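To start, I am sharing the structure in question, which I have written as structure tokens.
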Amino acid sequence: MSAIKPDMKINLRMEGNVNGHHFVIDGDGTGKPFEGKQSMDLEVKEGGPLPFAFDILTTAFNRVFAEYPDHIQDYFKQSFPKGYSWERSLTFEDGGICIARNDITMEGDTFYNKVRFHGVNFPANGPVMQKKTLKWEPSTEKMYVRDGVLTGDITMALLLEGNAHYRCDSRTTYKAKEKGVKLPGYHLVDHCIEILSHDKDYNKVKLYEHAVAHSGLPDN
Amino acid sequence: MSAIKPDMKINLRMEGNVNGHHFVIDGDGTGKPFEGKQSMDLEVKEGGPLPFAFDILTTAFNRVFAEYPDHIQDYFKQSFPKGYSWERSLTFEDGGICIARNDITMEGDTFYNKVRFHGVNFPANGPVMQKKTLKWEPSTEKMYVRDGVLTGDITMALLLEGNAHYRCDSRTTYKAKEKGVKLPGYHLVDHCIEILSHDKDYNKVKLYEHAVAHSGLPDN
Amino acid sequence: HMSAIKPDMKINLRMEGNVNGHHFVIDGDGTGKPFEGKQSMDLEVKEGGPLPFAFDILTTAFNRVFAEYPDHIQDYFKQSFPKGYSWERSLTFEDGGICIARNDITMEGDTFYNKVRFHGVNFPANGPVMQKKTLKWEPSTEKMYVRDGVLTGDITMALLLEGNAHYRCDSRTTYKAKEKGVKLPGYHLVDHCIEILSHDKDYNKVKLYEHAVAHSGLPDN
Amino acid sequence: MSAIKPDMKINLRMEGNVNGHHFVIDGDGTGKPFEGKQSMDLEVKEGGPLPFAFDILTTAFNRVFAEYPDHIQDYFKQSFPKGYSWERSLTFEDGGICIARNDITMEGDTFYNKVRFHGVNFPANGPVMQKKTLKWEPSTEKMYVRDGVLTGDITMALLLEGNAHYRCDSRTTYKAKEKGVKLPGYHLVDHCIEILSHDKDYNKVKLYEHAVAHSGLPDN
């Protein structure tokens, strides 16, 4: 009491537009906030089949699901029950640019996610519009405070078919709903994200993430 | 050929969300497509007073309004009567990122503009959230083709209080609705945009743009 | 004060640099008309020739004194003389190539002297620079403004490539007068066009030309 | 008969120019390649006292010093005895940009390093020219292949006095001298780097780095 339980449910609704293509996607899942693990079943409700790589959406589908050790302030679990919100930009190396936001709330044992995602300027023959991506490689998010706001920057990479990589820089700004939530010091958060399964058109996808916060070398 | 008249009316509808603040803005104006001039009266219908600098929105409020000389293919006038659409990213120097789009159609003597605008990651004490902007400086858009699509990049700058400047890079991708509209060669488009007047909170704004296409030195 | 800049000036230039780990030295001798914003220069690779990279990436490094300034815009560059000024520049190419360059500019009599350095890193082996697939810079427009108390010019640039694709490069130059008391200009634009008029097969010898004109943008330009 | 020995020496010379200020700096160190730990004593031979934050130079003062696990190809240890070279760009958030190069060779138990470092466009009032930096935060370098070349991208941050942070993006390209050195798959390398001690003007500096390669979650 102690808002967050060892096992939580996850309800998510994303709406968005990439390349002028509108879509709506519902998510239903479960996770273990204290182990930093979560899974979700996603369903394209409108806009299917998506004309673009589903992978660009997957980080938009909650840093509550991250294992924080005792020596690092856990801004995210501290933000409940009132919750918090985040904004993000994704800057892909070929000019594709996405913005996204999620307003995260909690009712009982369930997190609710209102997610918006917009992508512009993706080249027609790029790996995104040609759906040539395989997965995100595991990443490390750098967490720091800027102008009063917890900020996470990430150098990300999509593995492509033919074993090339496709670079994307992510900046996320995280804001507790409640006044006064103490900001953490600089720290790192390892991520790995995986589409465990999906149908042909990616109208149905099962997503998994694992995340662990740490202080970097040599204290990790 | 185009059915674009020397004098046209402009109907505009924008919806958007900056920093989590949703808004709706209507525009009604008139322009001279062949003189590359237009003006518009904008009214904030929802979300007023805006908590952010109105200037960030104004380039989203149609390159049909640009004087094109004979020796340069005019992709925009050649796109009608069927019309065209664009997507844009605005990358501000302090991490603020916006995306925008506009679907442009024509019915008789009126252009219709369905515009969307999203902005994320603006710092609380930056010139945008603190409304320290004065105007966009006159600019020059660099037009070229990339992956089969007409693309415009601009080095933009907002004049700020005290005559400092706040930099923003714009990339716009332009796509004619009808197939096989001939793409132009590399060229430049000069722009100047100005808020001619506005009320205290910028719920009401009169906007003007002048744009002229040219080939650069030594010609221009 | 009187600039001591004549309508017809000589240009002496010395570049040294390193791109992709390849060292080079290039000399330049040219002439120009500061008030007309036009200049031409004959360049000769003295060391490291033949260059294994596109000569074009070097050409903007080969002096905003050579820009026609109208009377209503403060001319920081001509006012920097006789003492002179220096600039530093970053070039950020869309495929990861990054160059930095500097020029220290002085004047003796009818001649500008230029000590130029140029370093480029992270150009991919099969990109248009290492493969020498560039044709020219397209005409550009430099945005001039005071940033952190220093006149700065930002530019969206584009190299035409063979196959008529374009290759994007963003430029930022910082310009600093050597002498105190040089008035800073308000925001303005400088149109450029730069052209290799001729070259020998390996670009060991190159004739370069530039035309530049400052203006206030629309609606009065 | 291995080229890499458990305890090795490091001889280094850097020459460079930041904001027009020329400098020469010699380094003499020792390290343990297999444990990814090294220390070096640096001495400014020319250009002291440096007018800029010594911290911008420290990553330029060899990925052979990284603990590589068996399941990740170790490109750097495989590059000896002949050696390898790297080029780097450092893009700071306020427009300061640096490039650096190191040509690394080996004789007996000693690595030799020919290092060059050039920085431009640092603002006079910024934390580099004001010497307001305290340290690099621990980081994670993302290693991947692009156009045949091992490439490392890093989201870096300098902690500043007052506990603000100053962001810098690093790209390094690494090239074995010898033909036929096998490229590794995608992986991460954790770093931490620390000035253990220095005299008042940073004419003398003792530097330490620890680095460890890993596969990220869930392995790590």
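A, B, C and D label the chains in the order they appear, each numbered from 1.
One rule holds in what follows: contacts are C-beta pairs under 8 Å (C-beta built on N, C-alpha and C of every residue); 3 or more make two chains touch, one makes a residue touch a chain.
Listed by chain with UniProt protein names: A, B, C, D = Green to red photoconvertible GFP-like protein EosFP.
**Q** Please tell me the distance, in whole Å, between the geometric centres of subunit C and subunit D computed from their C-alpha atoms.
**A** That pair's centroid distance is 31 Å.
**Q** Could you please state the distance in Å, as a whole number, between where the Cα atoms of subunit A are centred and where those of subunit C are centred?
**A** The answer is 44 Å.
**Q** Would you mind listing the residues of subunit A that make contact with two or more other chains?
**A** 146 - these are the residues of subunit A that touch more than one other chain.
**Q** Should the pattern of chain-chain touching be classed as line, ring, star, complete or other?
**A** Ring.
**Q** Can you identify all of the chain pairs that touch?
**A** A-B, A-D, B-C, C-D
**Q** In the complex of these two chains, what residues of subunit C are touching subunit B?
**A** Subunit C residues touching subunit B: 138-141, 143, 145-147, 154-156, 158, 160, 165-166, 168, 170, 186-187, 189, 191-193, 211-213, 216-219, 221.
**Q** What does subunit A use to touch subunit B in their complex?
**A** 17, 19-20, 85, 87-89, 91, 95, 97-101, 103, 116, 118-121, 123-126, 146-149, 171, 173
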